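In what follows, a structure is listed as structure tokens, so that the remarks can point back to it.
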Amino acid sequence: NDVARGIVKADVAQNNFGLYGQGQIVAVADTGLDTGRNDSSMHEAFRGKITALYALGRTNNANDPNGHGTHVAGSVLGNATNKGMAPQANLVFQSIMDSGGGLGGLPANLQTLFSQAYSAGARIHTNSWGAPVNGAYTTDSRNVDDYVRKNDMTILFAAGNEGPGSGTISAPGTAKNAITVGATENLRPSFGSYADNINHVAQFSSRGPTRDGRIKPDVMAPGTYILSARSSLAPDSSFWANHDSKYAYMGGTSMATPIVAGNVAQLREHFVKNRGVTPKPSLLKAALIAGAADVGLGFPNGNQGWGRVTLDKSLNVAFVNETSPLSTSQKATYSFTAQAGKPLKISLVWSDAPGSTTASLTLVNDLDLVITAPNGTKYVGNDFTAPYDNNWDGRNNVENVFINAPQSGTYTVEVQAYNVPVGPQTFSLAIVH
Ligand SMILES: [Ca+2]
Ligand SMILES: [Ca+2]
Ligand SMILES: [Ca+2]
């Protein structure tokens, strides 16, 4: 965690912006949380900052004999040592592990889980778990998408651990409106090959696209050899490597995911406190994406998604925060003046109505991003083959135009309502220059 903080730049948010995520409540849904008592016996990382602790899977028991959820949760907001990215956020925990090691305390309708947390104050919900369904869009993926479009919860899912083969993304990681996280390498070279290059996508990281050919995961993060809170009840075999009695090493898209959840608590605190707006889930996703780092595989790409989180870049984005509704055939139009010499990144993100588990494509409302340079050159969203205006996107509820070396001059940024069956549809934009 001390290392991932520096990679995703959670350190610059913290030292130069003062962002440790105070005021933000992050809910985690995993196995359990150390001793399972929200009193003096709770692991130092979490003691006194648990807004609520719910036992969902075993009755009156939210303890962690496994190890998974304590470690995950540490990476979010742990605030003793080896601190999570948002050490000043408070914690809602839903323990879903049952009496046999399964996640049997998840409700049939996942909206019941997110509303439980939303009512405890939580506005971000992080889930290091999935069913290895190789990219299918499930009922669970559908209840995830419904919930977000209706409620201001940013919901995160790990991509899964069935890489490096493509079409391996796990549900509900396949949901449109979730931020889905795969793992790059932490930088602890003494471990060594699973952690010696921050630009290296991890073997196990599940890879895109989903069944209908969308880009998942959305972003990346260190999630090999992550030092985080160690459960007093977990044995050595749940970990990659020992460290001491209160901290230990794990690796997984499950370790990457809570880093990005913490980075959203930090990103969210900054919007509300320093920018006068509560960012919708769509903006929060767009800002991560616009700010994220090409590891060197290029775009589009199912292995890295839109890149490896880079938090300082996401903090001061120019934005639209869902303030422009759109019905079919209308358009919203904005101007942005670019300087030559720096890249210009524009991410269009919407919270799409939920799709069907059985359609050819999950997309429902189709918005099109359309950029127009000073000199008349045109880019459409996600078209990275020259010329950049002949390949229109009809699968994705993310649309990106990224230019290495833009012109000095005004760019037009237009979002077009191509076909908006369940409208009107709001959208966010994030621009990094
Ligand atoms: Ca490596
Ligand atoms: Ca489109
Ligand atoms: Ca093209």
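In the structure tokens, the first chain shown is A, the next is B, and so on; residue numbers restart at 1 for each chain, and ligands run from 1 in the order shown.
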
Could you build a table of the residues in chain A lying no more than 12 Å from ligand 2, giving for each the nearest pair of atoms and their separation in Å rounded to one decimal place, using only C-alpha atoms and all ligand atoms, ordered by chain and ascending residue number, as JSON lines?
{"residue": "A:214", "atom": "CA", "partner": "ligand 2", "partner_atom_place_in_ligand_line": "1 (Ca)", "distance": 11.4}
{"residue": "A:348", "atom": "CA", "partner": "ligand 2", "partner_atom_place_in_ligand_line": "1 (Ca)", "distance": 9.7}
{"residue": "A:349", "atom": "CA", "partner": "ligand 2", "partner_atom_place_in_ligand_line": "1 (Ca)", "distance": 10.3}
{"residue": "A:350", "atom": "CA", "partner": "ligand 2", "partner_atom_place_in_ligand_line": "1 (Ca)", "distance": 10.4}
{"residue": "A:352", "atom": "CA", "partner": "ligand 2", "partner_atom_place_in_ligand_line": "1 (Ca)", "distance": 11.5}
{"residue": "A:363", "atom": "CA", "partner": "ligand 2", "partner_atom_place_in_ligand_line": "1 (Ca)", "distance": 9.0}
{"residue": "A:364", "atom": "CA", "partner": "ligand 2", "partner_atom_place_in_ligand_line": "1 (Ca)", "distance": 10.2}
{"residue": "A:365", "atom": "CA", "partner": "ligand 2", "partner_atom_place_in_ligand_line": "1 (Ca)", "distance": 8.3}
{"residue": "A:366", "atom": "CA", "partner": "ligand 2", "partner_atom_place_in_ligand_line": "1 (Ca)", "distance": 4.7}
{"residue": "A:367", "atom": "CA", "partner": "ligand 2", "partner_atom_place_in_ligand_line": "1 (Ca)", "distance": 4.4}
{"residue": "A:368", "atom": "CA", "partner": "ligand 2", "partner_atom_place_in_ligand_line": "1 (Ca)", "distance": 4.0}
{"residue": "A:369", "atom": "CA", "partner": "ligand 2", "partner_atom_place_in_ligand_line": "1 (Ca)", "distance": 7.0}
{"residue": "A:370", "atom": "CA", "partner": "ligand 2", "partner_atom_place_in_ligand_line": "1 (Ca)", "distance": 9.8}
{"residue": "A:380", "atom": "CA", "partner": "ligand 2", "partner_atom_place_in_ligand_line": "1 (Ca)", "distance": 8.9}
{"residue": "A:381", "atom": "CA", "partner": "ligand 2", "partner_atom_place_in_ligand_line": "1 (Ca)", "distance": 7.1}
{"residue": "A:382", "atom": "CA", "partner": "ligand 2", "partner_atom_place_in_ligand_line": "1 (Ca)", "distance": 9.0}
{"residue": "A:383", "atom": "CA", "partner": "ligand 2", "partner_atom_place_in_ligand_line": "1 (Ca)", "distance": 10.8}
{"residue": "A:391", "atom": "CA", "partner": "ligand 2", "partner_atom_place_in_ligand_line": "1 (Ca)", "distance": 10.1}
{"residue": "A:392", "atom": "CA", "partner": "ligand 2", "partner_atom_place_in_ligand_line": "1 (Ca)", "distance": 6.5}
{"residue": "A:393", "atom": "CA", "partner": "ligand 2", "partner_atom_place_in_ligand_line": "1 (Ca)", "distance": 4.3}
{"residue": "A:394", "atom": "CA", "partner": "ligand 2", "partner_atom_place_in_ligand_line": "1 (Ca)", "distance": 4.5}
{"residue": "A:395", "atom": "CA", "partner": "ligand 2", "partner_atom_place_in_ligand_line": "1 (Ca)", "distance": 6.7}
{"residue": "A:396", "atom": "CA", "partner": "ligand 2", "partner_atom_place_in_ligand_line": "1 (Ca)", "distance": 6.4}
{"residue": "A:397", "atom": "CA", "partner": "ligand 2", "partner_atom_place_in_ligand_line": "1 (Ca)", "distance": 7.1}
{"residue": "A:398", "atom": "CA", "partner": "ligand 2", "partner_atom_place_in_ligand_line": "1 (Ca)", "distance": 8.1}
{"residue": "A:399", "atom": "CA", "partner": "ligand 2", "partner_atom_place_in_ligand_line": "1 (Ca)", "distance": 6.9}
{"residue": "A:400", "atom": "CA", "partner": "ligand 2", "partner_atom_place_in_ligand_line": "1 (Ca)", "distance": 10.3}
{"residue": "A:415", "atom": "CA", "partner": "ligand 2", "partner_atom_place_in_ligand_line": "1 (Ca)", "distance": 9.2}
{"residue": "A:416", "atom": "CA", "partner": "ligand 2", "partner_atom_place_in_ligand_line": "1 (Ca)", "distance": 8.3}
{"residue": "A:417", "atom": "CA", "partner": "ligand 2", "partner_atom_place_in_ligand_line": "1 (Ca)", "distance": 8.4}
{"residue": "A:418", "atom": "CA", "partner": "ligand 2", "partner_atom_place_in_ligand_line": "1 (Ca)", "distance": 7.2}
{"residue": "A:419", "atom": "CA", "partner": "ligand 2", "partner_atom_place_in_ligand_line": "1 (Ca)", "distance": 8.8}
{"residue": "A:420", "atom": "CA", "partner": "ligand 2", "partner_atom_place_in_ligand_line": "1 (Ca)", "distance": 10.4}
{"residue": "A:427", "atom": "CA", "partner": "ligand 2", "partner_atom_place_in_ligand_line": "1 (Ca)", "distance": 12.0}

request  = Using only C-alpha atoms and all ligand atoms, find each residue with an atom at most 6 Å away from ligand 3 and format the answer as a PyMOL selection string.
outcome  = chain A and resi 383+385-391

Dump N, CA and C atoms for the selected residues as a tab-separated table (two decimals), in the first residue's frame?
chain	number	residue	atom	x	y	z
A	383	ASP	N	-11.95	6.04	-31.55
A	383	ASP	CA	-11.44	5.72	-32.87
A	383	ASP	C	-9.97	6.09	-32.91
A	385	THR	N	-7.59	4.60	-35.01
A	385	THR	CA	-6.97	4.32	-36.31
A	385	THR	C	-7.20	5.54	-37.20
A	386	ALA	N	-6.15	6.13	-37.77
A	386	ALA	CA	-6.26	7.21	-38.77
A	386	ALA	C	-7.11	6.78	-39.93
A	387	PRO	N	-7.93	7.68	-40.49
A	387	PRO	CA	-8.28	8.97	-39.88
A	387	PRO	C	-9.29	8.74	-38.75
A	388	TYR	N	-9.33	9.62	-37.78
A	388	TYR	CA	-9.99	9.24	-36.50
A	388	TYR	C	-11.49	9.52	-36.45
A	389	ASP	N	-12.12	9.62	-37.62
A	389	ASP	CA	-13.53	10.00	-37.70
A	389	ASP	C	-14.46	9.04	-38.49
A	390	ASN	N	-14.00	7.85	-38.82
A	390	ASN	CA	-14.81	6.93	-39.63
A	390	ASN	C	-15.28	5.69	-38.89
A	391	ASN	N	-14.84	5.52	-37.64
A	391	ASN	CA	-15.24	4.38	-36.84
A	391	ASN	C	-16.02	4.83	-35.60

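With only C-alpha atoms and all ligand atoms as the basis for measurement, A:222 is the residue among A:279, A:423, A:222, A:262 that approaches ligand 1 most closely.
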
Each residue of chain A with at least one atom at most 7 Å from ligand 1 should appear once, together with its nearest atom pair and the corresponding distance in Å (one decimal); atoms considered: only C-alpha atoms and all ligand atoms; ordering: chain, then increasing residue number; output as a tab-separated table.
residue	atom	partner	partner_atom_place_in_ligand_line	distance
A:185	CA	ligand 1	1 (Ca)	6.6
A:193	CA	ligand 1	1 (Ca)	4.2
A:194	CA	ligand 1	1 (Ca)	4.7
A:195	CA	ligand 1	1 (Ca)	5.4
A:196	CA	ligand 1	1 (Ca)	5.0
A:197	CA	ligand 1	1 (Ca)	5.3
A:200	CA	ligand 1	1 (Ca)	5.4

query = Any idea what's packed within 10 Å of residue A:95, counting only C-alpha atoms, ignoring anything in its chain fewer than 6 positions away? Could you give it as a list in words?
reply = residues 28, 29, 30, 31, 32, 33, 36, 53, 54, 55, 56, 57, 58, 61, 62, 63, 64, 69, 103, 104, 105 and 106 of chain A

Got time to write the residues from that selection, N, CA and C atoms, as a PDB file, in the first residue's frame?
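Contents of selection.pdb, as written:
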ATOM      1  N   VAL A  28     -17.487  -1.425   1.954  1.00  0.00           N
ATOM      2  CA  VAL A  28     -16.771  -2.531   1.343  1.00  0.00           C
ATOM      3  C   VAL A  28     -17.609  -3.800   1.516  1.00  0.00           C
ATOM      4  N   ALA A  29     -17.689  -4.641   0.490  1.00  0.00           N
ATOM      5  CA  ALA A  29     -18.413  -5.914   0.623  1.00  0.00           C
ATOM      6  C   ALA A  29     -17.452  -7.035   0.297  1.00  0.00           C
ATOM      7  N   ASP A  30     -17.062  -7.734   1.355  1.00  0.00           N
ATOM      8  CA  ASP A  30     -16.080  -8.787   1.300  1.00  0.00           C
ATOM      9  C   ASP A  30     -16.334  -9.799   2.438  1.00  0.00           C
ATOM     10  N   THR A  31     -15.321 -10.585   2.802  1.00  0.00           N
ATOM     11  CA  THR A  31     -15.539 -11.796   3.586  1.00  0.00           C
ATOM     12  C   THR A  31     -15.959 -11.373   4.982  1.00  0.00           C
ATOM     13  N   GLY A  32     -15.204 -10.421   5.543  1.00  0.00           N
ATOM     14  CA  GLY A  32     -15.398  -9.983   6.924  1.00  0.00           C
ATOM     15  C   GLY A  32     -14.248  -9.097   7.368  1.00  0.00           C
ATOM     16  N   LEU A  33     -14.290  -8.654   8.614  1.00  0.00           N
ATOM     17  CA  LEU A  33     -13.431  -7.554   9.029  1.00  0.00           C
ATOM     18  C   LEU A  33     -12.817  -7.851  10.398  1.00  0.00           C
ATOM     19  N   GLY A  36     -14.534  -9.004  13.810  1.00  0.00           N
ATOM     20  CA  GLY A  36     -15.975  -8.926  13.624  1.00  0.00           C
ATOM     21  C   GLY A  36     -16.740  -8.133  14.693  1.00  0.00           C
ATOM     22  N   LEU A  53     -21.084  -2.097  10.721  1.00  0.00           N
ATOM     23  CA  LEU A  53     -20.527  -3.428  10.425  1.00  0.00           C
ATOM     24  C   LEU A  53     -21.692  -4.405  10.441  1.00  0.00           C
ATOM     25  N   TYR A  54     -22.001  -4.950   9.265  1.00  0.00           N
ATOM     26  CA  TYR A  54     -23.165  -5.810   9.050  1.00  0.00           C
ATOM     27  C   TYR A  54     -22.686  -7.209   8.746  1.00  0.00           C
ATOM     28  N   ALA A  55     -23.196  -8.154   9.509  1.00  0.00           N
ATOM     29  CA  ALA A  55     -23.029  -9.552   9.221  1.00  0.00           C
ATOM     30  C   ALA A  55     -24.159 -10.036   8.322  1.00  0.00           C
ATOM     31  N   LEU A  56     -23.837 -10.317   7.066  1.00  0.00           N
ATOM     32  CA  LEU A  56     -24.840 -10.719   6.107  1.00  0.00           C
ATOM     33  C   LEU A  56     -24.866 -12.232   5.856  1.00  0.00           C
ATOM     34  N   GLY A  57     -23.736 -12.922   5.993  1.00  0.00           N
ATOM     35  CA  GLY A  57     -23.577 -14.300   5.524  1.00  0.00           C
ATOM     36  C   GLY A  57     -23.617 -15.401   6.572  1.00  0.00           C
ATOM     37  N   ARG A  58     -23.188 -15.050   7.796  1.00  0.00           N
ATOM     38  CA  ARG A  58     -23.273 -15.895   9.013  1.00  0.00           C
ATOM     39  C   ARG A  58     -23.931 -15.037  10.051  1.00  0.00           C
ATOM     40  N   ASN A  61     -22.109 -12.855  13.056  1.00  0.00           N
ATOM     41  CA  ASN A  61     -20.658 -13.065  12.837  1.00  0.00           C
ATOM     42  C   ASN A  61     -20.107 -12.392  11.542  1.00  0.00           C
ATOM     43  N   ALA A  62     -19.357 -11.310  11.711  1.00  0.00           N
ATOM     44  CA  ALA A  62     -18.702 -10.674  10.588  1.00  0.00           C
ATOM     45  C   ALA A  62     -17.196 -10.717  10.724  1.00  0.00           C
ATOM     46  N   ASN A  63     -16.672 -11.833  11.242  1.00  0.00           N
ATOM     47  CA  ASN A  63     -15.231 -11.940  11.458  1.00  0.00           C
ATOM     48  C   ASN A  63     -14.563 -12.479  10.198  1.00  0.00           C
ATOM     49  N   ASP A  64     -13.253 -12.275  10.092  1.00  0.00           N
ATOM     50  CA  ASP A  64     -12.469 -12.716   8.972  1.00  0.00           C
ATOM     51  C   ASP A  64     -11.455 -13.868   9.237  1.00  0.00           C
ATOM     52  N   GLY A  69     -11.161  -9.785   3.099  1.00  0.00           N
ATOM     53  CA  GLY A  69     -11.853  -8.516   3.282  1.00  0.00           C
ATOM     54  C   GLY A  69     -11.175  -7.527   4.203  1.00  0.00           C
ATOM     55  N   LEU A 103     -19.567 -16.827  -0.519  1.00  0.00           N
ATOM     56  CA  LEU A 103     -20.154 -15.494  -0.424  1.00  0.00           C
ATOM     57  C   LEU A 103     -21.666 -15.578  -0.433  1.00  0.00           C
ATOM     58  N   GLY A 104     -22.199 -16.373   0.482  1.00  0.00           N
ATOM     59  CA  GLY A 104     -23.606 -16.715   0.434  1.00  0.00           C
ATOM     60  C   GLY A 104     -24.518 -15.667   1.006  1.00  0.00           C
ATOM     61  N   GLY A 105     -23.958 -14.614   1.624  1.00  0.00           N
ATOM     62  CA  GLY A 105     -24.739 -13.556   2.225  1.00  0.00           C
ATOM     63  C   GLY A 105     -25.002 -12.392   1.276  1.00  0.00           C
ATOM     64  N   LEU A 106     -24.699 -12.580   0.007  1.00  0.00           N
ATOM     65  CA  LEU A 106     -25.075 -11.603  -1.003  1.00  0.00           C
ATOM     66  C   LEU A 106     -26.545 -11.827  -1.235  1.00  0.00           C
TER      67      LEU A 106
END

Would you mind listing, for every residue of stretch 7-68 of chain A within 9 Å of stretch 234-239 of chain A, the two atoms forming the shortest contact and the distance between them in Å to one decimal, using only C-alpha atoms, sorted by chain and ascending residue number, as a tab-separated table?
residue	atom	partner	partner_atom	distance
A:34	CA	A:234	CA	8.2
A:64	CA	A:234	CA	6.6
A:65	CA	A:234	CA	4.6
A:66	CA	A:234	CA	5.1
A:67	CA	A:234	CA	4.8
A:68	CA	A:238	CA	7.4

Same residues, N, CA and C atoms, saved as a PDB file, in the first residue's frame:
ATOM      1  N   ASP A  34     -11.686  -8.549  10.318  1.00  0.00           N
ATOM      2  CA  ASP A  34     -10.824  -8.910  11.430  1.00  0.00           C
ATOM      3  C   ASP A  34     -11.553  -9.743  12.479  1.00  0.00           C
ATOM      4  N   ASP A  64     -13.253 -12.275  10.092  1.00  0.00           N
ATOM      5  CA  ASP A  64     -12.469 -12.716   8.972  1.00  0.00           C
ATOM      6  C   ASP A  64     -11.455 -13.868   9.237  1.00  0.00           C
ATOM      7  N   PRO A  65     -11.912 -15.116   9.159  1.00  0.00           N
ATOM      8  CA  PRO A  65     -10.988 -16.257   9.234  1.00  0.00           C
ATOM      9  C   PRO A  65     -10.251 -16.456   7.905  1.00  0.00           C
ATOM     10  N   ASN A  66     -10.826 -15.913   6.835  1.00  0.00           N
ATOM     11  CA  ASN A  66     -10.220 -15.981   5.512  1.00  0.00           C
ATOM     12  C   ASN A  66      -9.023 -15.037   5.407  1.00  0.00           C
ATOM     13  N   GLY A  67      -9.276 -13.731   5.449  1.00  0.00           N
ATOM     14  CA  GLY A  67      -8.253 -12.714   5.353  1.00  0.00           C
ATOM     15  C   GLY A  67      -8.576 -11.676   4.276  1.00  0.00           C
ATOM     16  N   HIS A  68      -9.392 -12.065   3.307  1.00  0.00           N
ATOM     17  CA  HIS A  68      -9.581 -11.323   2.067  1.00  0.00           C
ATOM     18  C   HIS A  68     -10.068  -9.896   2.367  1.00  0.00           C
TER      19      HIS A  68
END

Given only C-alpha atoms, how would the per-residue table for stretch 221-286 of chain A near stretch 153-177 of chain A read, listing every residue at most 6 Å away with its closest atom pair and distance in Å to one decimal, sorted by chain and number, as a tab-separated table?
residue	atom	partner	partner_atom	distance
A:253	CA	A:158	CA	5.4
A:254	CA	A:158	CA	5.7
A:257	CA	A:158	CA	5.4
A:281	CA	A:154	CA	4.7

Selection above as a file: C-alpha atoms, as a PDB file, in the first residue's frame:
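Saved to selection_35.pdb:
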ATOM      1  CA  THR A 253      -7.461  -7.659  -8.954  1.00  0.00           C
ATOM      2  CA  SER A 254      -9.084  -7.735  -5.461  1.00  0.00           C
ATOM      3  CA  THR A 257      -9.843  -2.551  -6.710  1.00  0.00           C
ATOM      4  CA  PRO A 281     -20.578   8.402 -10.464  1.00  0.00           C
TER       5      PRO A 281
END

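In terms of minimum interatomic distance to residue A:351, A:284 ranks closest within A:284, A:272, A:255, A:122, counting only C-alpha atoms.
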
9 Å contact set for residue A:224, only C-alpha atoms, chain neighbours under 5 positions out, as a PyMOL selection string = chain A and resi 183-188+194-195+202+240+249-253+255-256

Contacts of residue A:230 at 7 Å (only C-alpha atoms; same-chain gap of 5+ positions) as a count of residues only = 7

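Minimum distance to residue A:300 across A:209, A:223, A:409, A:355 (counting only C-alpha atoms) occurs at A:209.
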
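Atom CA of residue A:152 sits 25.1 Å away from atom CA of residue A:333.
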
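Using only C-alpha atoms, the smallest distance between any of A:244, A:414, A:11, A:145 and residue A:346 comes from A:414.
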
ask   = Quick one: DSSP strand (DSSP E) residues in stretch 149-346 of chain A, as a count of residues only?
value = 40

As a compact mmCIF listing (two decimals) with N, CA, C and O atoms, in the first residue's frame, please: every residue in stretch 48-205 of chain A that DSSP puts in alpha helix (DSSP H).
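Once everything was written out, this is out.txt:
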# COMPACT_ATOMS: atom_id res chain seq x y z
N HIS A 68 -9.39 -12.06 3.31
CA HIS A 68 -9.58 -11.32 2.07
C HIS A 68 -10.07 -9.90 2.37
O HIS A 68 -9.43 -8.91 1.98
N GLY A 69 -11.16 -9.78 3.10
CA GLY A 69 -11.85 -8.52 3.28
C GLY A 69 -11.18 -7.53 4.20
O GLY A 69 -11.38 -6.32 4.06
N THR A 70 -10.37 -8.02 5.14
CA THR A 70 -9.63 -7.15 6.04
C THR A 70 -8.52 -6.48 5.24
O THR A 70 -8.17 -5.32 5.50
N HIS A 71 -7.94 -7.22 4.30
CA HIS A 71 -6.79 -6.76 3.54
C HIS A 71 -7.24 -5.72 2.56
O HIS A 71 -6.64 -4.64 2.46
N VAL A 72 -8.36 -6.06 1.90
CA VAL A 72 -9.01 -5.22 0.91
C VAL A 72 -9.32 -3.89 1.55
O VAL A 72 -8.88 -2.85 1.06
N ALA A 73 -10.07 -3.97 2.65
CA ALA A 73 -10.53 -2.83 3.44
C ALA A 73 -9.44 -1.95 4.00
O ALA A 73 -9.64 -0.72 4.11
N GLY A 74 -8.31 -2.57 4.35
CA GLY A 74 -7.09 -1.86 4.69
C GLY A 74 -6.59 -0.94 3.58
O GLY A 74 -6.22 0.22 3.81
N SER A 75 -6.56 -1.48 2.37
CA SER A 75 -6.17 -0.72 1.20
C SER A 75 -7.09 0.46 0.89
O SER A 75 -6.66 1.44 0.29
N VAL A 76 -8.36 0.35 1.26
CA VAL A 76 -9.27 1.46 1.07
C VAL A 76 -8.90 2.64 1.95
O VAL A 76 -8.59 3.72 1.42
N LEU A 77 -8.95 2.40 3.27
CA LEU A 77 -8.94 3.45 4.29
C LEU A 77 -8.25 3.10 5.61
O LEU A 77 -8.45 3.80 6.60
N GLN A 111 -29.31 -4.72 -5.40
CA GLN A 111 -29.76 -3.38 -5.02
C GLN A 111 -30.05 -3.29 -3.51
O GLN A 111 -29.83 -2.27 -2.89
N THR A 112 -30.51 -4.39 -2.93
CA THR A 112 -30.71 -4.46 -1.48
C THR A 112 -29.40 -4.28 -0.70
O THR A 112 -29.38 -3.74 0.43
N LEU A 113 -28.30 -4.73 -1.28
CA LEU A 113 -26.99 -4.53 -0.67
C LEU A 113 -26.49 -3.08 -0.81
O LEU A 113 -26.00 -2.52 0.17
N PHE A 114 -26.61 -2.50 -2.01
CA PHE A 114 -26.11 -1.14 -2.17
C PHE A 114 -26.97 -0.13 -1.40
O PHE A 114 -26.43 0.86 -0.89
N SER A 115 -28.28 -0.38 -1.27
CA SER A 115 -29.13 0.55 -0.49
C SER A 115 -28.89 0.40 1.00
O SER A 115 -28.93 1.35 1.71
N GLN A 116 -28.62 -0.80 1.46
CA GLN A 116 -28.18 -0.94 2.82
C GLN A 116 -27.02 0.00 3.12
O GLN A 116 -27.03 0.66 4.15
N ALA A 117 -26.06 0.11 2.21
CA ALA A 117 -24.85 0.90 2.45
C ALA A 117 -25.11 2.40 2.25
O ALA A 117 -24.60 3.23 2.97
N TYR A 118 -25.85 2.73 1.20
CA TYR A 118 -26.23 4.11 0.92
C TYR A 118 -26.93 4.71 2.15
O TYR A 118 -26.69 5.84 2.50
N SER A 119 -27.79 3.96 2.80
CA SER A 119 -28.49 4.45 3.99
C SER A 119 -27.55 4.61 5.19
O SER A 119 -27.90 5.38 6.09
N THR A 139 -27.81 -10.80 -14.57
CA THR A 139 -28.76 -10.18 -13.65
C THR A 139 -28.07 -9.31 -12.59
O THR A 139 -28.47 -8.16 -12.38
N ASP A 140 -27.01 -9.85 -11.96
CA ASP A 140 -26.24 -9.07 -11.01
C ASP A 140 -25.65 -7.83 -11.69
O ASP A 140 -25.82 -6.76 -11.17
N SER A 141 -24.98 -7.99 -12.84
CA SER A 141 -24.52 -6.86 -13.69
C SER A 141 -25.63 -5.89 -14.02
O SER A 141 -25.42 -4.70 -13.97
N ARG A 142 -26.82 -6.40 -14.33
CA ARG A 142 -28.01 -5.55 -14.54
C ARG A 142 -28.56 -4.81 -13.28
O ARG A 142 -29.04 -3.68 -13.37
N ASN A 143 -28.52 -5.43 -12.10
CA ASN A 143 -29.00 -4.75 -10.93
C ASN A 143 -27.98 -3.71 -10.51
O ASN A 143 -28.35 -2.69 -9.96
N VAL A 144 -26.71 -3.96 -10.80
CA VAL A 144 -25.67 -2.96 -10.57
C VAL A 144 -25.93 -1.72 -11.39
O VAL A 144 -25.78 -0.63 -10.88
N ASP A 145 -26.32 -1.89 -12.66
CA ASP A 145 -26.47 -0.76 -13.58
C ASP A 145 -27.73 0.07 -13.27
O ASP A 145 -27.70 1.31 -13.28
N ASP A 146 -28.83 -0.62 -12.99
CA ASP A 146 -30.03 0.02 -12.48
C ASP A 146 -29.73 0.90 -11.27
O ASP A 146 -30.10 2.06 -11.27
N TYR A 147 -29.05 0.35 -10.26
CA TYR A 147 -28.84 1.06 -9.01
C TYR A 147 -28.09 2.38 -9.25
O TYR A 147 -28.49 3.39 -8.73
N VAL A 148 -27.06 2.36 -10.09
CA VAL A 148 -26.23 3.55 -10.30
C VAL A 148 -26.98 4.68 -11.01
O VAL A 148 -26.84 5.83 -10.64
N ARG A 149 -27.75 4.33 -12.04
CA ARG A 149 -28.50 5.31 -12.81
C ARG A 149 -29.55 6.00 -11.96
O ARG A 149 -29.90 7.16 -12.23
N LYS A 150 -30.02 5.30 -10.92
CA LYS A 150 -31.05 5.80 -10.00
C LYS A 150 -30.50 6.47 -8.71
O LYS A 150 -31.24 7.14 -7.98

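For the choices A:372, A:412, A:59, A:138, the atom-to-atom distance to residue A:357 is smallest for A:138 when using only C-alpha atoms.
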
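Interatomic distance, atom CA of residue A:265 against atom CA of residue A:7: 16.9 Å.
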
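You will find atom CA of residue A:46 at 28.2 Å from atom CA of residue A:287.
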